[PDB]
Every structure is written in structure tokens, then in C-alpha cells.
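Provided below as C-alpha cells are two forms of one protein chain, presented individually as structure 1 and structure 2.
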Structure 1
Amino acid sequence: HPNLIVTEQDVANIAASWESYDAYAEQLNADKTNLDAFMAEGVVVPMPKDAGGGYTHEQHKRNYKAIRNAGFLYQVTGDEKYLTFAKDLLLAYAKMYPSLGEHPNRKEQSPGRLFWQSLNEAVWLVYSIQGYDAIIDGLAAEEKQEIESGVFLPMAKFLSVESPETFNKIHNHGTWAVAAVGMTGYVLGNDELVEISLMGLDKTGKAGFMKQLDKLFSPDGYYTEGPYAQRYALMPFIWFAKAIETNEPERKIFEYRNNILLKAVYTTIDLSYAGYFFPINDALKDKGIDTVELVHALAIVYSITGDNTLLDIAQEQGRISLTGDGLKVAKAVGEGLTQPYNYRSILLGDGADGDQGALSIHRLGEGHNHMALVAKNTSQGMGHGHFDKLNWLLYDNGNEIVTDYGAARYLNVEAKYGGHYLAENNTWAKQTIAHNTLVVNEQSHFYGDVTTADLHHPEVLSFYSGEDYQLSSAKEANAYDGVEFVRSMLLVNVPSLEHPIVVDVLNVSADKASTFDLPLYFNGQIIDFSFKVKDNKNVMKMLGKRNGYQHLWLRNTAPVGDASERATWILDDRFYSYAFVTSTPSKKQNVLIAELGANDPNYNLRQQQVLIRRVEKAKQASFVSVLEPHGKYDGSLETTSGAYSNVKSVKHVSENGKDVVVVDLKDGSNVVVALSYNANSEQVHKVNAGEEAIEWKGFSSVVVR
């Protein structure tokens, strides 16, 4: 002991060299200093009272971190004050725990004792057991016995046999539970606890850790609920794996399922941009790569693989794992071994077999602050999922440009409903109108019904990644009765332009005349519009009555027609121009500029603007657009250039269900995008685009003339 997340040899290596690595030493010293301050407050173990974000909740969180850090610092420095503090905390817990019933403000579905919900109880155990592992050296037999019978065994029992619906769950809450109990199993030398964690309560392998490894990741290491859920699941997966590896290496856990755990870690990184995870489905916008689950996971994977490109990400994290694996990262960074991360455009198939729709991630450009397009053509993702089939996000210049709201929630802020999902999470954040995808008749996809949405996934039609252009194309046939829509999204490299451009083609057919809405949630300040806004007459009225529309104010409506229109905005030092045209038999076309905040008496919603393209009384529409990063603005040096869009216009023609988009540029050149929706790469196609005839092979073609 220790022999779990750190080994005795790890401790010896850390003791020998931690002061030699500047960032590791700064990290370790910060922790030491902070713990010293916490210790001066004494041993403070309150009776459970408060739910999420409340005092007792955050106090017991502070204690599990203290137990773990104290144990580590005892091993590394030899200072008995850290042993004594960790010991005294655990003895206080051992005295208190046996008397605890259900938390007084418990969560209905999975209650805890120490905590309002059993989830945090599992986290407590994961951390606290490591601290215990690290202090066993300095404890008397009777102290071990008291702590083990007082808190560890009763808590392990609670989280396992007394909570079968969580422990046998094939879900990240199950992952946390089996990691907590299994790690306890390894530290305490309790084979039963280890076995039930690996193979479920009945030990058959129908549930448990091995089943979770098979079910909770696609073969490429993608977690269906999204990056936010993925990074959270990554800790109990990678820490229980680390524990299995240090105790039972013969199980070859890091080889399991074609190295699924390694793949899960790389995929977590590939679900981020400029340090932040793509905020799709339930997600908080401030969650990024310095989150501790990925800090630890990266160190573990670096230790296994020696992949020096991981060191690039490590530097971007600005936080290092205080472990033996972290020491290896610090050493390699200090030796100048860092290589750049190889960002790839990837198609991540959804579900355990990677066959339930997919998340497309298209990247173009050098370094971390490149251009990234995300096409969300994924399955539902259960109750965590948003009603946003074929949604998209755009990143550029280190910023989110075309955005996803994430969840309506304030993490661990008790005054915001105990840090839990707010009423507006369902009524705003999940709804289709809140996203950059098609809304029909002011109703959400699947009519906002999770049960229906869970039965369906989008059909991916094409994925292409080349030096000329990038493409994803997908079909949604099940979101509404008598409606089908297809969306193709492209990143096009135009040599004459500073930055790649997005081309978007969203086609819709409906049995009955409908309203079609396509929002664009943008980040930045409007410079100008090509269209004329109607006077709002000094009032903003709620946009609509239901399904998220009741949360939007209408700031202006602007009538539009056959010709393409433009909106240009600034964000930091770059301009963005959205050129858009909609082909439809209907003449009832209008642009709505809306702002978030109606039906929000509790001020839970952020300020946010949106450009909504609306067609009314239509059975068919082709929403076409271009998104163009351009120019420079430097407020510091007081300069600018290329502030005007280089797109003169956008035109669209559809013939025999095949699409042609012509982007006319200001220098007299043009870009032609052609879509056949036919996978046969050798099949020739022909479309009459007004004057000229367009001829191409394959699913798609892009030509710059």
C-alpha cells in the first residue's frame, strides 16, 4: 500500500524527482498549500442536510478531496500531519456512517445517505479509498478495522447490494458505483466486492464493469449521451481500469475490446475545440479539457502509449495528474518531447455498434484554433438528449461561432434549484427551436417526446474528408408525421479566400402545407444586414406559444424574397458573413431576429440572439446558406482589413431531386457545389442551372471556377 491509482514504486519515483519538474511541483505545492489551509479549520464532518451545492454537500466533497490529497502528501513528503488529518477524517466518518439513513433532502430515484443522491456518494468513495490506500502504512490494526467496518464496508454495501437498480445499471451512474465498490474491493483485499463490480451482483456478467465497457462506447470510443457525459464517465472507467491493471495485470484491461479505454480517451479529446467540449445534449458551456477526468486519463494513456502528441494537449490543459503517470507526462514535457496533436476529421457512429447515426467532426486548418464543423446526425441519447436532429455547430479562431445552448442548469449553485436541471431545461434547452436545425409547425422533433425519439436515428448518407472539401449528409425521415428532411454540410477550401467556407443545404418535403423555421444561433455583434427590418414599434412580443417559442422575444421581422440575403457580424478579431437563400414555391418568407428571455421570471436563461429563417404555408423548401469567416479587426493596434464579405450572392437550383449551389464571389469567380444524393462514385449527373449546364460524377462535386 498504496497499490491502486498510485503504487509504492510510483511514490518512490515521485519523492525522488517531483521538485525537478516545474509545472508538477507548482501543482503539488498549490495542493499542499490549499490542504494546509483546509487543515487549519480542523476536522469538519457535518451531519448530512443539504442537497446539491448546499453546505454539507460541498463540505463532504471538500473532505473526499482532502482525504485523497492528504494520503498522497503523506506518502510523498513523509509528514505525519497529513496522515493524522486523513486518519481523523476517516475515523469521524466511521463513527457517523453506521447511523445514517436516507439523506434528509434525498433525490427521489437514487437517494444517498452522506449525499442527496448516491452518485456523489460513489465519487466520495472513489476518492476516499485512494486516501486510505495511501495511509495504511501509518495506521494501527484497530484503526484499519474501525474505518473499514465503520464507513468503507457499509458504504460499499449501500452502493451495491442495497442499490441493485444503480449497481446493475448499464449507465455512467453504474460505472461510478462499480468503480467505487471495486476499488474498495482491491484496497480491502475483498474478492467479493471486486467480483460483483466486474461481473454484476449475480456475477454472471449480465451487468457490471465488463458489460459497461461493451455497451457504453461505440467501437471508436464514443459515448452516446455526448462529450459532457463522456468525460464524466471517463474517470470511473479509467480509474477502475488503473486499479485493475495495478492489482490484476493478467486481466489485460487496457487491451480489452480492441483497446476501448485508450480509444475513449482520444475520442474525448477529439470531442473538444480550443479547450472546450462540444456542448451538444445536456452540457455546460464551461466544461473543458482541464476537467480532472481527462487530466488523469491523458496521463494514464501517455504512460501506456508514449504518444508524444498527447503532450500538446497536456500543455493546453494547464493541469497535470499528481500521480506516477502524471510524473511521466511532466518528465517528457520537460525533455522537450512535445509533438503537435494530429486533429482529424472523423465520423463517429453512434451506439454500441456504431451504427445508429453519427457525429461528424470536420476540421480544417493548423494548430488548435482551426475551423471545426460539427454535424449532429446522432441517435437520441435518452433523457439527456436534445430534440435537434441534424443540428450543427461551427468553431473558428478559438471561438464558438454557431452555437449550441447546452443545458439550463447552474452547477452546484444551491440558489438555482440545488444545482439541478431548471424548469427551462425541458421547456427551452431541449427544444428544437433552441437549435440550428429545422422546426416544423413550431413543434419539436418527435413532438418533444423522448420515448418516440429513442426509437429512431438519422440516416447518414455520405461522409467525405479531402484537401479540396469536406462533406456530411444525413436524412431525417421520422421527426414529424408526413415530413422528411435531408441536410448536407460542407467545408470548402477556396484558394482565393482567407478561410474555408461552410455550405449548407437543408431540403424538406411535407405532405401538408407547413411552417418551416431554420434558426442560426450566432456569437458576436451584428455589423449589418442586407435586408430591411420592419419597425418593431417599441415592443417585443413573445415569439410563439409553445415548445420553446414562449422563451423568445421577437426583436424584428424582415420580409425576404427570391434573392439571397446577408448578415455580417464581428466576434473578437474576425468577421463572419452568413449568406442565405431559400428555394420554395411559397412567397411567405421572413427573417425573424429574436432574443432569449421570455417566460424567464427567475432569470435562469442567458442573453442570446438568433436569426430565424421562416417559410409559411409550404410543402417544399431548400434552405441554402454560406458561412464565411473573413477579415481582421485589431482593437489594440487599431487596424482592420477585409471587413466586407467576399460573397456577392448565393443561388440554388434543384432538378430531379439533385441540387446545384452557385456561390458568386466579388472578384468575379464562383464556386459550384453539386449534390446528387447517389453514392455511386462513377454515376454521371446533369443539372440545368439557369444558363449553364452542370455535369459531375458521384454523390457530390465542388468546383472553383
Structure 2
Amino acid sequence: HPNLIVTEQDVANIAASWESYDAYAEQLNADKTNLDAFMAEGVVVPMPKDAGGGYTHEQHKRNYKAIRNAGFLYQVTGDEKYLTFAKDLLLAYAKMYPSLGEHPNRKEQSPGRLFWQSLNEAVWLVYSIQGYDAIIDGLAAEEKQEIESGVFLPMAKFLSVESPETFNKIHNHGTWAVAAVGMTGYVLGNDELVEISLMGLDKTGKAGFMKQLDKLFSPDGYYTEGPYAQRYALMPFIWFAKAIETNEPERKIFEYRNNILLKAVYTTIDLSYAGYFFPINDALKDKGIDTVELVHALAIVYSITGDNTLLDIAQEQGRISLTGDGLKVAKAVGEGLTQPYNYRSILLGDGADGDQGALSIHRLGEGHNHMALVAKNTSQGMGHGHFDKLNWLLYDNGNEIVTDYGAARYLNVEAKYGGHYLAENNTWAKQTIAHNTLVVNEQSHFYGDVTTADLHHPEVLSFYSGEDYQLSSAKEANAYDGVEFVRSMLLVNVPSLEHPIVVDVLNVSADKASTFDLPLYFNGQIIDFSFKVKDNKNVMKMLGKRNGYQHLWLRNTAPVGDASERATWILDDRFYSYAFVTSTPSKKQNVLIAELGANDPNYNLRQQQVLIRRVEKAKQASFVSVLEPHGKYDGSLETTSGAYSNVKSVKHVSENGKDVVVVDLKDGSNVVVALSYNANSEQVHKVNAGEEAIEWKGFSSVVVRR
């Protein structure tokens, strides 16, 4: 004792050398200052009363932090006042807990006692037990007795044996519950609670931590709900594994399932850009890598691995894990061991077996502010998932360029619907029209039905990442009745251009004449269009009536035809040009510029623009586009350059289900992108375009012609 997240050996190293590292010491001092201010108010442990961001919810949260913090500071400073505060808090908890029935303010959510929902109960336990672990050696037997029989054992019982619908769950709720009961298990030397936590109530292994490790991540370490949920999962996964390693190294917890726990941490990093997680599915955009779960998880992974590329990420976090593992990060950074993070292009297979679609992340360029394309070809992700199959995002120059809205929610802001998911979360954020992907007949994928959406995943047709270019291709055959669409996205290295270009090819076939809309949510200020807007007559009307369209205002229409069109915007010091053609047998084709804010009486939606390509009355359509970063605007030194697009035009020709795209560059050269949709790498292909024939090996080829 302590022998959990921190060992005795760890506290010795901490005590010996913590004052020697500026950042670690600053952060440890901050936590100390703040706890001291909290101690100054005495032992305040009220009766459970409120939910959400209500008083007793928050107080009981402050308390479990103090219990862990005081335990830790007592170990580290040797100072007695920290022991007696943690002790006194725990005793007040011991002499209140056995009297508690279910919380007065429960929901349909599996109730708690201390808290409105048992999730928070389990978090209270995961934190508190660490404080107790740090405090046991300084306690008399009748004190321990009151604590263990009063709070811990009854709480472990409640979250396990009395709550099987939760403790047995193959869900995050389950992970927090087993982590809490299992960690309690270790501190108390209670084999039952460990076995229960590892193998489920019946100890069959049909539930429990091990099954969670098998089921909640894909083999690559991807969590189906997305990064925003993935970083939350990480805390109970990593902390319990730490506990397991600290007490039963012979289980080889960090080796289990080809290092699934290592891969889950790296994957969490690989799902961020410039400090923030890709806001796909239900996600808030300000959640980033300095999040407490990833701070701890990184220290732990560094500690296991000695990977010095993690020191880079740890610096970008600018926040360190106040633990043994964290000290090792602080030490290593001090010694100048930091190597640059290797951002890889990766295919994250979705589902327990990584076969239910995939998320692709394509990376190109040096440092943190490189170019990243995300192709969201994933399964639904259940209730939190968005209706956006084949959606994409693009990041460049430290910014989001082509965007995902995330969730409609303001965390712990009471006046914003108690800080809950807003009505506009279903009404807008989830809807296909809010995403950069195909909308057929103004209806969401799977008609907005989560039950239908749960049944299906996209089909990944190809993934490739070389020095020449990078590709992801996927098919959606189930989003709408008698409709199939295919999207391929490429990042291309064109040596004559300053930055790589995105090439997008989206094919749709319908059985019946339909409207096909393809949005692009861009970030930045419009410079000019190549098309000519129709006068809006000094009014903007709601765009359409259902499935998200009721939140958009129509600002302008503009007619479009055979030749590619262009939009160019600036964002900070760079311009982005979007050049698009749509091959279709139909002759009704428009561009709609729209703006978020319709049916938003509560000002819940933020300001946003979109450019929507519309095709009416079509059975077929190939949406093609190039997105090109270019130029330099320096408002400080008062220079501009490269402000005009270097893409003269874009042409598309299709033959025998094969696609060819020619990007005509202004310097007279051109880029040719060719897609066969055939996986055989040796198969040869031939396409008669307008004027010329093109030929290649494989699913795809990209060549630059002078």
C-alpha cells in the first residue's frame, strides 16, 4: 500500500525527485493549492438529492477527487493533514452509505445511491479507492473496519451482485463498474471481487473485463462509438489494467489480444488533429488530447513501452499525469529524449472483428499541422451515431476545412436544457443533410431509423497509402431502398503544387428518379464563385421541410451545367479551392448556398455555411470534386500570393463501370485519376475518354502528365 495506480516504489521516486521538474511540480503544486482551499471548508458529505450539474452531484464529484488527491499528497509530502481529511471524508461516507436506497432523482438510467445514475457511482469508487489505497498503512484497524464494511464492500456489492444488467454489460457502463469493483478487489485483497470483475458474476467469462477487451475494440484498438466516446472508455480500461499489472503481472494484461490496450491508446491519438478529436458522431468539438483519460493513458503507455515519440504528444498535451508513470514522462522530456510523433495513414476496421466497415485516416505532411482526410465508412455506433455513411472531413494548416458538426449540446450549462442533448441533436446534428455525404430525396440514410441503421455497415472496397497518393473506397448499398452509392477519396501528391489535393468521386444509382444533394460544410470566408448566383430578392426561406432541411436557410441558388465549377475561400493564411463536376443524364442541376439557423428559436445552433450540389430527377450521377489548398495571405507583412487556384478545370469520364478524372492544371500539366473497382492488382484496364485512351494496373492509378 499503495499498490494500484501508484506503487510504494513509485511514491519514493516521486518524493525523491518531483521538485526537479518544473511542469510536474507546477501541476502538483496547483493540485495541492486547490485541495488546501477545499480542505479549508471541512468535511462536507450531503445526502444525495440532485442530478446532472446539481449541487450534490457536483459535491460528491469534488469529494472523490479530494479523496484520491489527499491520499496521493499524504504519500508524497509525508504531511499528516492529508491523511486525516481523506480519512474523515471516508468515515462520513461509511456512516451514511448503508442507509441509502436508490437516489431520489433516478431516471430510466440504472439508478445509483450517491448519484442519480450508477455510472457516477462507479467513477466515485474508481477515484476513492485510490485515496484509500494510499491511506491504509496510516490507519487503525477499527477505522479500516468502518470504511470497508461501511462504504466499499456495500458499494462493490451494489455495483456487482445487485446490478447484473449493468455489471454484466458489454458496454462502457460495464467497464466502469468492473474497474471499480475489481480495483476495490485489489486494495482489500478480495479474490471474489477480482474474479467477478474479470470474468463476470458467474465467472464463466461470458461477461466481465476480458470479454470487454475482446468486444469493445476492434483488433486495431478502435472503439465503435468514435473518438469522443473512445477517450472516455480509456480511463476505466487503462486504470483497471494498471491495477491488474501492479498486482498480478502474471496475467500479462498489457499483452492481452496482441496488446489491445496499447493499440487503444495509440488509436486515441491517431483519432486527433492539432490537439482535438475528429468530431464524428456525438462529439463536442473542444474535447482534445489534454483530456484527463488520455493524459493518464499516455504516461502508462510510455511507462510500458519507452516510446519516445509519445513525448511529443505529451508536450502538445501540456498537462501531465501526477503518478509514477507521469514522472517518467517528465524525466524523459527533461533529458531531451523527445522524438517527433509518427502520424500514419491507417484503416481502422470497425466492430469487434474490424469487419463492419472502417474509419480511414489519411495523413500527409510534416509536424502536427499536416493535411488529414477522414473517410467515415463506419457502422452506426448505435444511439450516438450519425446518419452519415461515407461522410468525410478534411484538416489542413492546423484547422478544420471540411467539417463535421458534432453534437448539439453545451456541457453543464443548465440554461441550455440542463446541459443535455438538445432537441436539435436529433433534428439536426444526426441528419445526413448536416454532413458532407449524399442525401437522396431530402431524407436521411436509413430514413433516420437507428434500428434499421444498426443492421448495416458500409463495404470497404480498397485502402491504399503510398508516396504517390492515398485512397479509400467504400460502397453503401442499404441507406435507401433501391439506391446504391460508392465513394472514393484520394489524397494526391502533385509535385508542381505546394500542397496535396483531395480528389473525390461519388457514384450513385437509383431505381426511381430522385433528388441527389451533396453538401460541403466549409470553414472560412468565401472569396469568389465561378457560377452566377440568382438574386435572392432580399429574403431567405427555409430550405426544405424535414430531416434537417428545416434548419437551413437558402441564401442563393445558381445554375450549373457541363463544365466544372469552382468555389474559393480563405481560412487564416491559406486559400482552398473546390472544383466540382457532376456527370448525370439529367439536365436539372443547381448549386445551393445555405446557412444554418432556421427553426432555432432557442439559438442552439451555431452559425455555418454550406455549398450543396443538387441534381433533380436522376437515376444516375457522378459527383466529382477536387479540394486544393493553395496560396499565402499574410495580413501582418501585407503580402498575398498563389491566391488563384492552380486548377483550370476538372473532367470526368466513365466507361464499363470504370472512372477517369482529369484535373487540368493552369501550368499546362494535368493529373489523371483512374478507378476500376476491381481488387486484382494485376488486371489491366482501358478507358476511352473524350479524345484519349487511358490504361493502368489495379483498382486505381494516379499519374501526372506534362
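Between two forms, the rigid core is defined as the largest C-alpha subset superposing within 1.5 Å. By convention here, residues take numbers in order along the sequence of structure 1, the first being 1.
Here the two forms are overlaid on the core, and between the two structures the C-alpha of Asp133 is the only one among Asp396, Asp388, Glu628, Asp133 to shift by 2 Å or more. Taking 2 Å as the criterion, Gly349 does not count as shifted between the two structures: its C-alpha moves by less than this amount when the rigid core is aligned. The Cα shift for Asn281 between the two structures, taken after rigid core superposition, is smaller than 2 angstroms. After superposing the rigid core, the Cα of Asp535 is displaced by less than 2 Å between the two structures. In the core-superposed comparison between the two structures, the CA atom of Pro104 travels 4.1 Å. Aligning the rigid core between the two structures leaves the CA of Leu28 offset by 1.2 Å. With both forms fitted on their core, the C-alpha atom of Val650 sits 0.2 Å from where it sits in the other form; this compares the forms between the two structures.
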